[PDB]
Each structure stands twice: as C-alpha cells, then as structure tokens.
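Spelled out from the first residue to the last, the chains are:
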Amino acid sequence: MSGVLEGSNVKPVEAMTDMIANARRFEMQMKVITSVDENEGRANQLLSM
Amino acid sequence: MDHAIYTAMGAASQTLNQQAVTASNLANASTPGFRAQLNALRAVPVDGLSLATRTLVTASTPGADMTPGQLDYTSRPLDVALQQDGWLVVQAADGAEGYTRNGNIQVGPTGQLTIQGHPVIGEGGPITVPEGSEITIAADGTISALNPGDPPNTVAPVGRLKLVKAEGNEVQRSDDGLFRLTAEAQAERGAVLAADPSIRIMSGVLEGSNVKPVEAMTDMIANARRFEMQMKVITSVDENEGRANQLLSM
Amino acid sequence: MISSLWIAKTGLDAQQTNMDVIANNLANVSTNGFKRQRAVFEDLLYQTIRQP
Amino acid sequence: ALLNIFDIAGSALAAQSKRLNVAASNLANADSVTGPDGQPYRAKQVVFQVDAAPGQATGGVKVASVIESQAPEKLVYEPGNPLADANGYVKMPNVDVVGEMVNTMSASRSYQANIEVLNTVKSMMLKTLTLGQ
Amino acid sequence: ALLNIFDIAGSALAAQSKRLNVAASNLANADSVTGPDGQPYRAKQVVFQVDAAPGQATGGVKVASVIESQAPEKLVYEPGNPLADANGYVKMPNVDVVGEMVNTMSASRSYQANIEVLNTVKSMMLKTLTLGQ
Amino acid sequence: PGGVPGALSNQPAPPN
Amino acid sequence: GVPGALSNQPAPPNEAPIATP
Amino acid sequence: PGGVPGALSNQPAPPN
Amino acid sequence: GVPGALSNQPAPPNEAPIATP
Amino acid sequence: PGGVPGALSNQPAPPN
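Below is a short write-up of the structure.

Some details on the overall build of chain A
Consideration 1: The secondary structure content of chain A amounts to 1 helix and 0 strands.
Consideration 2: Across its three principal axes, chain A shows a C-alpha extent of roughly 85 × 15 × 5 Å.
Consideration 3: Counting only residues that meet the buried cut, chain A has 16% of its 49 residues in that class.
Consideration 4: Of the side-chain charges in chain A, 5 are positive and 7 negative, and the distance between the mean point of each set is 5 Å.

Now the structure itself:
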C-alpha cells in the first residue's frame, strides 16, 4: 500500500509489566545475596579455637 | 524454626492464589456468557497433641456466581440470551454433554450450529441447518430456516434448542470452562438433563459477563492488606529466631 | 509471571484488542459496503489445584 | 532437669511462642468464611497463668488452654451463600487486625527479653563455675 | 569421621545449605520459559531424613534426593511461541515465590542455629582437655 | 487467677 | 502430659483435613 | 520417615 | 558414592550446556 | 589448572 507508513510494534503494556516484574525480581535476588553474606560470617567464626 | 512462619507464609501464598483468581475474573469482564468464580478462604486446624494453637488457611473456590449478566442488544437473529437459571446444551470437547450461557451461535459452511466451536445440541443430537439459510430462533427455542431465493412462505421449523434448568449448587465448571452436573446432582437428576419446557430465550440479545467490579476492587484491596500483614509476622518470627539462636552459645 | 501479573496482562491485552476493533469500526464509517467487526473473547483452560 | 531461671525463662519463651502462633493464626484467617465442618472461624486466644507449682506465686508463665472468643461473630449479608441462616446472614470472624499486630509485636519483644535474661543467667552461672579460680 | 555431634551438625549444615541452594535456584528461575531440552523448569525440592543406621533413632539429617514438584505447571496462552502445544499453551514453572523466600529465611536461621551448636560443642570439648589441669 | 493476655483484657468492657 | 515433658508413648499423627468427611 | 521439608509438606492437600 | 565420603577415583568434570547438544 | 575466579566463570557462556 502506497501513501502510508508503518511504525513500530512495541507494546506498552507488555513493557511496563515486564519492567515491574524485573524490578520486583531483582529485589528478591538482592535479599538472597544478603542472606548468604550474613550466613557466611558465622560459619567463618566457627574456625576459631 | 518456629513454625509460626509456616502459617503466615501459607496465608501469604493463598492470598496470591486469591489474587490470581480475581485477576482471572477481571480479565474476562467482556467474555460473552461468563460466570465469575467465587473465592473464599477456609481455615483448617492442625490436629494433634497440646494446645491446638495452629490453624492454617487455604483458598477455596465454592462454585461460581450464577447471577445473570448484562444483555447487549445486537440486532442479530442468531445471538440468543437465556432466562435466569437457564442453560444451553452443547457437545463438550470429549464427546460429552456440557452446559453454557454463551448464545453466540454460529453457522458453518456445512450448516451445523456451533457455540465457541462446540456443536449445539438440539432436541435430538447436534443441529444441522440447511446450507446457507437464514435462521430465526423462537422464544422457546424453535428454529425456523428460510432458504434464500424461495419466498418467505417457505419458512418452516427445523429443530428445537435444548434448554435446561440448573442452579448453582448443582453444576461445576470443568477445566475447559463448560459446566457439568456435580456427582450428587447427577445421581438424583440422571446423567442427561431433560429439557424444561418453561425456559424462555430471547433472540437478538447477547449475555455478558457477571463480574462485579466493586467486589473485585474491594477484594484486591483486602488481599493486599492481608499479604502485608502476614509479611509483618514473617519478619517478626525471623528476628525472634535470629536472637533465640544465641541461647545455643556458651 | 507471578500468575497474577500474567492474568491481568492478558486482560489488558484483550481490552486493547477490543479497543483496536472499535477504532477500526469507527474509522471506516464513510467507506462503502463496510461490515462492522465485533470482538469475541473466551477464557482459557482453568487450572485445578485440588479436587473438591 | 531444667534448673530455676532456666525453667522460668524456658516456660516464658514457650508461652510467648504460643501467643505469637495464636496471633498469626488469627491474623491469617481474619477473612475465612467457613471451617471444615461449616462453622465459622472464631478468634482464638491464649490463657496465661503462673506456674507456681503449689506454694510459690513466683514462677514462669504457662498457657492453661486456648480459649475461643465468645464475642458475637460479625454478620454479613449474603442470601446466596449456603452457610447463611434463615435471615440471610453469614457469620464472619471477629478478629481485630490492629490487636493481632500489636499482640505479635508484644510477644516478639517479650520473647527477646526472656532470651536476654536466659543468656545473662547462663553467663552468670558459667562464671560461678570458676569460683576460687 | 566428624566425632559425633561434629558429624551430626555438619550433616545438618550441609543439608540446610542444599535446601537454601534449591530455594535460590527456584527463586532465580521463576520466569524461565525453557531449558536446554525445551522442557519447562520444574520447581526443585530436597528430601530431608535422618541417618541413624547403627541402631539409633537420632543421627542427624541427610538429603535423600532432589525431586521436581508435581503441582500443575502454569499454562499461559501464547500461540506464536515455538514451545506452545496444540492448543497454543506454554508451560511455566510452578514456583511459589513467597514459599521460596520463607524457605530461604528459615534455612538461614536453622543453619545459624547449627553453627551455634557446633561452636558450643567445640568450646566444651576444648575445656574437657583441661580436666584436672 | 489470670486471664486472656493481651488484646481481650486491655479494652474497655461492660461490667459482668 | 504437660507440654515439654517426657512421655512413654509417641504423639499421635498430625493431619489437617481440608474438608471433614 | 520424611518428605519435602518446607512448602510442599506444610500446605493442605486432598487425601490419597 | 555416598556424599561426604572418600573415593579413590576423581570426580568427573561437571558441565552446564545452555542448549541441548 | 585454573581460570578467572568469581563472576566470569560462574556465568553461562557459549560453547567453545
């Protein structure tokens, strides 16, 4: 068809939902990292005496 | 640990289950002839020795809501709507008999009536209409077919739609969205529901979904608050255990 | 995909598709011999978690 | 067997844990409509008493029993609900969410306090063990 | 091997580390669409059981096996996906996010408790060697 | 001697 | 017996029914 | 003698 | 091969292939 | 022998 131009097909709902899921998935990964880091300290202290 | 965390965790997960049910109901707010799913929490107390202090919570879907929805006037002679407490009968996916409220009846090239791709069940097995003919549906389900080219005097009945009467407590939504008779109800009413001659359908109106918006909104607000509450406890127990573990020292 | 961000995304997409159908119907008002479109939706497979 | 303050603080820890579990159960099922036998979920509470043994009003806490609140259950209107009475009213739990949150916080801090008491007494008697070096 | 309590607490530590690893793997892959074989990621769970073979009732903890959950996988409608079935449905993991978070926290807490147990047992064994100067 | 600890014994109640 | 004490017999099995028979 | 230690054994299930 | 035990033979090298082959 | 420790090794990589 001549006289019309095709734009992008980016869906805004999908992108917004994906961004929300990404943020609220990272936070959980950061919580697990903090938990493991806190756990390792004791275990390290076990090596005394 | 203190298994109190395993109570609030269950309460937080069942809240997400309830939210998934409510969101599914909200997605189908425009589905023609949709019956919203009812969600309810139920408490199960753990039996055993000592102070019966633990009572877990588990979601529950007690059937569906049978309140009739909106009636949109589409000037189409094939779209029919049922009287309240009424159901149309179609052939299910596995060659069985199922019930529905979607009146979006379609005519194939071969002439067979279908609803959502399932064959429509007429007084005697699926309904086959003369190929490429105009269809009018009466108030009691009688079907008149006009063959194009022939005069309007040719209009004659062909078949009658099977219309059944069933309450909410008797039907259960199968996994494909088609309602079927429950075990107790089937044992008393027989395997196949006999057509009720009192049921009245309306031609040219399509029934919408009965998803109430105010109840959905209130449910989401309550679910969010409950999830945050359970999360507080999940944090209390964590810190308490963290500190209680110190007694094991020295 | 927490099963509640997917279910609501599906509903949002369905409403957007219905709005696209409505906009197509409204834009083609002045055309000759145009038949209006109507969007039909169906719920997908419901999942059973525990039997009654 | 547990000796003195060890027994006292252990009893206190156990009872505070029971109190927190009851609070968590009340707060989790604050919206449950039915139990397993069709009866509503009535809010539960703990009953605290002083161990005492026979002649010593100076003991820990002990949870005599878990009582069920006899305050009238909330009534909601739902004539379609199978559990509704002849008037169409469904019974709903009488849980006070703010009260449950405050109770959880209180059981938490009391639990922590008794843990600290137990730790201090343990250190004190460990140092007592080296009397006279 | 590890004396006695040493072996018991080491087994407990290893088992809880395995449980926390499983929980972290489930949390990471909560949105995975596929695996190397084209199969959806199924939530993994460890199986805890005692190990008291030489005529005992209590011997610690060991992980018998890692098992994939049988809870129905989540079906999402996507007809353009190469992994979609005949009806156009794609299978997605049955991971319970709140469950895995609580599992992480509980595993960390009990791991810490076992650390405190082993440290205390070491202390006591260290003092024992000074029996009678 | 004692009674319900916490919520049910720390609110104003009618005499009985 | 009282909670936290020692008994001569095992505690009964723990089960939570979703719906009573 | 044992089972899944966590979410999959602390949730109500229909009987077998 | 009980975990935590001692075996004469070395452990095989682990591999994590992203696709199937 | 050994390679880069930490982030680079414990990350999926194309086969080569």
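Some details on the interface of chain F and chain D
Consideration 1: Facing 7 residues of chain F, the contacting portion of chain D comprises 8 residues.
Consideration 2: Here chain F meets chain D over a buried area of about 630 Å², counting both sides, of which 66% is carbon and sulfur.
Consideration 3: Counting the surface chain F buries against chain D, the share from its top three residues, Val4, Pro5 and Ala7 of chain F, is 60%.
Consideration 4: In this structure, the connection of chain F to chain D is made through 0 salt bridges.
Consideration 5: Class assignment of the residues belonging to the side of chain F that touches chain D gives a composition of 4 nonpolar, 3 polar and no charged.

Quick look at the pattern of salt bridges
Residues and elements named next belong to chain B.
Consideration 1: Under the defined criterion, the tally for this structure stands at 25 salt bridges over all chains.
Consideration 2: Taking the shortest distance from any N to any O, the salt bridge between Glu97 and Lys162 comes out at 3.9 Å. In this pair, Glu97 is assigned in strand β6 (residues 97-100) and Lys162 in the loop between β14 (156-160) and β15 (163-165), connecting sequence segments 65 residues apart. For the pair formed by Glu97 and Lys162, the shared burial category is buried.

Thoughts on the nonpolar core
In summary, soluble globular proteins display a tendency toward joint burial of nonpolar side chains.
Consideration 1: Grouped together as the largest cluster of nonpolar side chains are 21 residues, with contacts concentrated most on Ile105, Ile137 and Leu161 of chain B.
Consideration 2: Every element with two or more residues in this core is listed here: β4 (80-82), β5 (86-91), β8 (113-115), β12 (134-137) and β13 (142-146) of chain B.
Consideration 3: When sequence neighbours within four positions are dropped, the list of residues in contact with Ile137 of chain B reads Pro77, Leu78, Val80, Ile105, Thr142, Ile143, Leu161, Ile201 and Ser203 of chain B.
Consideration 4: With 16 residues, the next largest nonpolar core counts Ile5 and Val237 of chain B together with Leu27 and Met101 of chain D among its residues.

Digging into unusual backbone geometry
Consideration 1: The residue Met49 of chain A is not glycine, and still its phi comes out positive at about 55°.
Consideration 2: Tracing the backbone through its elements, the reader meets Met49 of chain A in the segment after α1 (12-45).
Consideration 3: Relative accessible area serves as the criterion here: at 73%, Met49 of chain A is assigned to the exposed category.
Consideration 4: Despite not being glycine, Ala53 of chain D has its phi angle at roughly 55°, a positive value.

Comments concerning the environment of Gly80 of chain E
All names here are of chain E.
Consideration 1: Examined against the element boundaries, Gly80 turns out to sit in the loop between β3 (74-77) and β4 (89-92).
Consideration 2: Look at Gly80 and you get exposed, because its relative accessible area is 67%.
Consideration 3: Along the primary structure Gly80 and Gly132 are separated by 52 residues, whereas in three dimensions their C-alpha atoms are 80 Å apart.

Some thoughts on the pairing of β3 of chain E
Residues and elements named next belong to chain E.
Consideration 1: Here β3 shows a buried face lined by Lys74 and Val76 and an unburied face lined by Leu75 and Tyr77.
Consideration 2: Pairing between β3 and β4: 4 bridges, direction antiparallel. Each bridged residue has a counterpart across the sheet, and for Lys74 the counterpart in β4 is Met92.

Focus on the sheet that holds β14 of chain B
Residue and element names in this part refer to chain B.
Consideration 1: Across the sheet, 3 strands lie side by side as β12-β13-β14; this open sheet has antiparallel pairing. In this open sheet, the two edge strands, each paired with only one partner strand, are β12 and β14. Strand-to-strand twist of the sheet, defined as the mean angle between neighbouring strand axes without regard to direction, takes the value 35°.
Consideration 2: The sheet contact formed by β13 and β14 spans 4 bridges and is antiparallel. Residue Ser144 lies in a different strand from β14, and its bridge partner there is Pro157.

Considerations on a nonpolar patch on the surface
Consideration 1: Taken together, the side chains of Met16, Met19 and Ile20 of chain A together with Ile2 and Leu5 of chain C make up a nonpolar region of the molecular surface, amounting to roughly 440 Å² of accessible area.
Consideration 2: At 3 residues, α1 of chain A tops the list of elements feeding residues into the nonpolar patch.
Consideration 3: Mapping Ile2 of chain C onto the fold places it in the segment before α1 (5-27).
Consideration 4: For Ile2 of chain C, a relative accessible area of 32% puts it in the partly exposed group.

Quick look at the interface of chain D and chain B
Consideration 1: Contact with chain D, which involves 37 residues of that partner, is made by 32 residues of chain B.
Consideration 2: Taking both partners together, chain D and chain B bury about 3000 Å²; carbon and sulfur atoms supply 58% of that area.
Consideration 3: Broken down residue by residue, the surface that chain D buries against chain B is led by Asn21, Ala28 and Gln112 of chain D, which jointly contribute 16%.
Consideration 4: Scanning the region where chain D abuts chain B turns up 15 residue pairs in polar contact.
Consideration 5: Counting residues per element, the ones that place at least two in the side of chain D that touches chain B are α1 (5-28), β2 (61-68) and α2 (97-128) of chain D.
Consideration 6: Of the residues assigned to the side of chain D that touches chain B, the class counts are 19 nonpolar, 12 polar and 6 charged.

Basis of the calculations
Residues numbered from 1 in each chain as written, not as in the entry; some residues may be left out. Chains lettered and ligands numbered in written order. Part of a larger assembly, values for the part shown. Heavy atoms only, no water. Helix = DSSP H or I, 4+ residues; strand = E, 2+ residues; numbered from the N terminus. Buried < 20%, exposed > 50% of the residue type's maximum accessible area, 1.4 Å probe, protein only. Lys, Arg positive; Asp, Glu negative; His and termini not counted. Charge placed at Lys NZ, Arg CZ, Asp CG, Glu CD. Contact = heavy atoms within 4.5 Å. Buried area = accessible area lost by both parts, 1.4 Å probe. Salt bridge = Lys/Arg side-chain N within 4 Å of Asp/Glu carboxyl O. Nonpolar A, V, L, I, M, F, W, Y, C, P; charged D, E, K, R; others polar. Core = buried A, V, L, I, M, F, W, Y, C linked by side-chain atoms within 4.5 Å. Pairing = 2+ DSSP bridges. Axes fitted to C-alpha atoms, helices over the stretch in contact; angles between N-to-C directions. Patch = residues over 30% accessible without salt bridge, like charges linked within 9 Å, V, L, I, M, F, W, Y side chains within 5 Å. Areas by Shrake-Rupley, 256 points an atom, 1.4 Å probe, with all protein chains shown as cover. Polar contact = N/O pair within 3.5 Å; in protein donor to acceptor, adjacent residues only side chain to side chain.

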